[PDB]
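Single chain ahead, written as C-alpha cells, the form deposited in one PDB entry.
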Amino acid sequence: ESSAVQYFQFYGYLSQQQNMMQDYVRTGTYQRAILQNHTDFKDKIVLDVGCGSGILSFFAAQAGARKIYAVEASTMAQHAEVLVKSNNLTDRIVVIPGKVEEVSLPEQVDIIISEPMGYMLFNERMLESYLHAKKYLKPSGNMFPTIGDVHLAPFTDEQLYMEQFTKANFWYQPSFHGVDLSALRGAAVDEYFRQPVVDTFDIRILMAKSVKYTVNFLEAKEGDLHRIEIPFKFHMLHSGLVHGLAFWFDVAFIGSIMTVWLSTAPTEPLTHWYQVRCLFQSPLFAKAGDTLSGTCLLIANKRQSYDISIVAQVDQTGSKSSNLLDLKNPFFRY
C-alpha cells in the first residue's frame, strides 16, 4: 500500500538517476536499438513509460519521432521537463507526471519504449505497468523492448554458501554473552537464504546449460505476470555440489530494420543488473549426467516484487531442496 510511496521516492533522487545513466551498456544499447531502428520512430507517436530523466525520450526524438509522451510518476518528472526545455525540445517531448495506469493520453501511439526490467527481470513489477500501457498502442504498433528471456542455471560456489551460512550461524551460538541463541538457528537460515545474491561470477561455476523462459511483451497480458511458473530440467555437465540457481535476462528490441539485444548474461559486459543467485539452504550433490529438475515459481506480492519459490531435486538420488526467497530484499554482495 504505502510501499508504492517509497518506491517512487527512490526514483525521485538525481543521485539514483546518475547511477542508472552511468550504466553505459544499458544507455548505449538503448540508444543503438532506437537509432538503428529509426524508421520505427520517424514521424511516429511514442510513449515512454517511466521516463525518469527523459533519456529514452531524447533518443526517440533523435530518431525523428513526431511526438513523445514521457510519462513519469516520481518527482523526477520535474527534472525531465527542465531538460526538455533546456534542450529545446518542447515541441516534441511532452512530459506527463503521474502513473501510466491513471493518466490520459490525447492520442494512440505507434510504439512504446521503456526500461521496465528489474533484478532477475521481474523485480519492481514494472513489466505490469509496461503491459498495461498497451491500451494506448495502435493495432500495428511495436514495443521496445519487445521480448524478454530469463535464463537460469545451476551453480557451484562454496565460498558464497559458507559466507551466508556463517552469518546465519551467529544464531547457533550457545553462549553469546552467556545467552543460548541456538534455538533460533533454523529461523536464521530461513531468513539469510531468503535473500537473493546480486553480484557477478566466473561462468566456470555454472554446471549445466541454462533453461530459458520467454515473455513476449507484444502478446502478454498484465494478469499473466501475477503468477510466473518456470519448470526446469538440467542435464548436469559437471559433478559437485549445487549451491543454487543463477539468474540473468536478455531483452530484444525487435525493430523493422534490426533486432538489438541487451543482455545481462555473465558472458557479457557487466551491467548494473549484475546477475542474481538464489542459494539452496543445503546444497544438492549431483554427478555429471544427472538431471536436476524442479519448479521456479514467482508470485506477485504487495511490495512491488515477487515471492520466489524454488523446488529442485536430483532425480537419480531423490535429494530435494525447497526454498523461499524475497526478491524485494536482495543481498548486494558486489
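Shifts are known only where both forms have a C-alpha. Residues carry their position along the shown sequence, with the first being 1. Take the two forms, find the largest set of C-alpha atoms that superpose within 1.5 Å, and that set is the rigid core.
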Inset, instruction - Look up the CA B-factors in the entry and say which stretch, 288-296 or 44-52, has the higher mean. - result: 288-296
Inset, instruction - Would you tell me which stretch averages the higher CA B-factor in the PDB entry, 72-80 or 237-245? - result: 237-245
Legend entry - Third of chain Cα B-factors occupied by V314: highest
Inset, instruction - Please place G118 in the lowest, middle or highest third of its chain by C-alpha B factor as given in the entry. - result: lowest
Inset, instruction - Relative to the other modelled residues of the same chain, rank the CA B-factor of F170 and answer lowest, middle or highest third. - result: middle
Legend entry - Position of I308 among the chain's modelled residues by C-alpha B-factor, lowest, middle or highest third: highest
Inset, instruction - Going by the recorded CA B-factors, say which third of the chain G223 sits in, lowest, middle or highest. - result: highest
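Not on display, but discussed next: the form deposited in another entry.
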Inset, instruction - Can you spot, among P231, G223, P106, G178, the one with a CA shift of 2 Å or more between the shown form and the other one after core superposition? - result: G178
Legend entry - Shift of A168 between the shown form and the other one at or above 2 Å (CA, core fit): yes
Legend entry - Large Cα move at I257 between the shown form and the other one, threshold 2 Å, rigid core: no
Legend entry - Core-superposed comparison between the shown form and the other one, runs of at least 3 residues with CA shifts of 2 Å or more: 168-190
